[PDB]
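What follows is a set of notes on a single structure, which appears directly below.
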Amino acid sequence: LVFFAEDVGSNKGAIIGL
């Protein structure tokens with residue numbers, strides 16, 4: 001429904017590294 005629940009799996013920590 002949203003994007004947070006999906007984004008929380010990677011977030012800044014993973015999106016910055018990867």
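Going through the structure tokens in order, the chains are called A, B, and so on, while each chain numbers its residues from 1 and the ligands are numbered from 1 in the order shown.
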
For this session: Enumerate as a list in words all residues of chain A assigned to helix (DSSP H, G or I) by DSSP on the backbone, naming them with the chain letters and numbers the document uses.
Result: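 DSSP-assigned helix (DSSP H, G or I) residues in chain A: residues 4, 5, 6, 7, 11, 12, 13, 14, 15, 16 and 17 of chain A.
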